[PDB]
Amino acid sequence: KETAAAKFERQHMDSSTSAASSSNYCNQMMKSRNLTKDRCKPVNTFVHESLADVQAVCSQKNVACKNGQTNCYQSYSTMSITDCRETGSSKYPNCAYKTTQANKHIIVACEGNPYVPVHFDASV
């Protein structure tokens, strides 16, 4: 069964590319990562850094999570990311997305032993 850590990796990790640089990227990735089966997941971010680097964020700058929990962490360095946002004309099962590449500080929620990312909260 899929752990929270594994779910984070499936939903939010894409180390394979340095920067998502096809306009097709989100359309393909949201589908292949199984984020378009139940519904079109409205908003989702992929991080293009090593797993070790993203995991390291759990020991970085402690910040409040959007939900008010205290277990969020902001990366000290900017990271290569791709935001996927569902278009206004996207209709399930044909989920359509805008692909936006950025370099930003990520904010993740961490839990467990080992202490690892389980939620992507925001980028700033």
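Think of the rigid core as the biggest set of C-alphas that the two forms share within 1.5 Å after superposition. One-based numbering along the sequence shown.
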Core-superposed in 6 other deposited structures of this protein, which stretch deviates more in Cα positions, 46-54 or 31-39?
31-39
Mean C-alpha B-factor higher for 92-100, or for 71-79?
92-100
Do the C-alpha atoms of 104-112 or of 14-22 have the higher average B factor in the entry?
14-22
Per the PDB entry, which option out of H48, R33, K37, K61 has the greatest Cα B factor?
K37
Going by the CA temperature factor in the entry, name the top one among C84, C65, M29, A56.
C84
In terms of its chain's C-alpha B-factors, the third that includes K1 is the highest
